[PDB]
Amino acid sequence: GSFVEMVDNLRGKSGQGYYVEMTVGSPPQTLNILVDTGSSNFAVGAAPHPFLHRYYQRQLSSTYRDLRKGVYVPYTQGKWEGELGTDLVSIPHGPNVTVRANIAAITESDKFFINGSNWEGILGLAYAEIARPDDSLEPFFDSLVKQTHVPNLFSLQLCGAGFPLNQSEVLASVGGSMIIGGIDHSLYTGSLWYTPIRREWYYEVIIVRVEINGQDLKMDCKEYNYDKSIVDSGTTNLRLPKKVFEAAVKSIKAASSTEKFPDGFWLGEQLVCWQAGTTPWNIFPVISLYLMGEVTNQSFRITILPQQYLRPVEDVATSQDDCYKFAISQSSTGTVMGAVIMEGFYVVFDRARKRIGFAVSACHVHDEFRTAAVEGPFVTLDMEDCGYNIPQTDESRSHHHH
Ligand SMILES: CN1C(=O)[C@]2(CC(C)(C)Oc3ccc(-c4cccc(Cl)c4)cc32)N=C1N
Ligand code: NI
Ligand code: NI
């Protein structure tokens, strides 16, 4: 219940992801790698790029093997692509093991790397189903478990920033822990509650109820999971399906109505500020997501504060003020529980038992009046099915799974 060596092994800049130090090759080449529960490839910069100080040099590794197959991964704003291979991989502030893993050597990319983020690659921690080019490319965590005696579980404590801030010219530093193979009891307090992983592709879960400041949104619960709900350390915001987003914003606007913010604020495109230390936290409501319990007809709730959904961004021009970005945003691809959710909680990705645990994080930002909370059970007699079934395309139906 104590993993001192892996506590505080995450770093990053606010809004630019949390990364862990990894080594690749023989002798070990250190890179900073974004921890991403929303994808399933281990992919690292492997050629010069303007935003990289360093990259994986395959020619310098005696243990590198080329798989003689390329990989191309487009997404909304751009792409990464490169060459598949295997090499020896370790996590210096992780388990004392070295594994041979698939590595996608990124040779070309567009709007992938971010100036100043300080990471050079991505560690996709989700399941094989969503790996590229296909599900036969074994993800890193699968290789780790198979090759070692590391328990099939990892846990994440993402610790977000708060005012006062150290620097005006750079983004706020963030920290956290990725405990590989276990649960560290110093990272949480109170009860640890589990929700089932609905299906092993993304870390998919089911939300059964949503409340804003104690008030039920009263929507068909399938709307909350349209077309999926996932836990994603590779997303900054809490992202909500259109209908849910609009309902949530209406409620948050109403509660906070003493303050008249520009439309740009609610779109996440503009900061709002108060004089240092005077932020009226109490005018902003708590948000509770009720997640399906392990027991039929049970749920538990995770509750977050405005300290989680209003992200601190220090303004060079107004460094005397505390300024915030609204970090709840609209989705067309379902609910995404990103850093806005995860920074409230210690989150246990219990792959062995097909479940995700939540407990109050020992590092969450709060005040003297309210705390992020994990509470249950809530019993609902004859609880409905809140899961959505994504329409099956012919292309996906046509795949064989041998
Ligand atoms: C949603 N999501 C992505 O778009 C993605 C997809 C992938 C192809 C792995 O590329 C990236 C790259 C950077 C970030 C990023 C960039 C800045 C901050 C953060 Cl948290 C992540 C997120 C992703 N992984 C995700 N989970
Ligand atoms: Ni080191
Ligand atoms: Ni076949």
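Easy rule for this one: first residue shown is 1, then count along the chain.
Per deposition record, X-ray crystallography, 1.8 Å.
Each residue, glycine too, has its Cβ placed from N, Cα and C.
Per Swiss-Prot, active site is recorded for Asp36, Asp232. For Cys159-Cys363, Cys221-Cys386, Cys273-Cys323, the entry in Swiss-Prot reads disulfide bond, with the evidence type experimental evidence. The annotation domain 'Peptidase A1' is assigned in Swiss-Prot to 18-359 on the grounds of sequence analysis. What Swiss-Prot records for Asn96, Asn115, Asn166, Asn297 is N-linked glycosylation site. The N6-acetyllysine annotation in Swiss-Prot covers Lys69, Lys218, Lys222, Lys228, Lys242, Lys243, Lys250.
Taken from the PDB entry, the feature expression tag applies to 397-402.
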Sequence-remote partners of the expression tag (397-402) [C-beta within less than 8 Å, at least six residues beyond its ends]: none
Contacting recorded positions, sequence order - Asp36, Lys218, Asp232, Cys273, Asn297, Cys363 vs ligand 1, Cβ under 6 Å: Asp36, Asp232
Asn115 (N-linked glycosylation site) - helix vs strand vs coil (DSSP): coil
Number of Cβ atoms other than its own within 10 Å, given for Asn297 (N-linked glycosylation site): 13
Rounded Cα-Cα span from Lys250 (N6-acetyllysine) to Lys242 (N6-acetyllysine), Å: 12
Neighbour tally for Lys228 (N6-acetyllysine), based on other Cβ positions within 10 Å of its Cβ: 21
Where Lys242 (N6-acetyllysine) sits in the secondary structure, as DSSP reduces it to three classes: helix
DSSP residue counts for the expression tag (397-402), split into helix, strand and coil: 2 helix, 0 strand, 4 coil
Cβ neighbour count (within 10 Å, all chains shown) around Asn96 (N-linked glycosylation site): 10
Distant-in-sequence Cβ neighbours of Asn115 (N-linked glycosylation site), under 8 Å, six or more positions away: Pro50, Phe51
Least surrounded among the modified residues, given as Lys69, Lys243, when other CB atoms within 10 Å are counted: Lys69
Other CB atoms within 10 A, centred on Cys221 (disulfide bond): 22
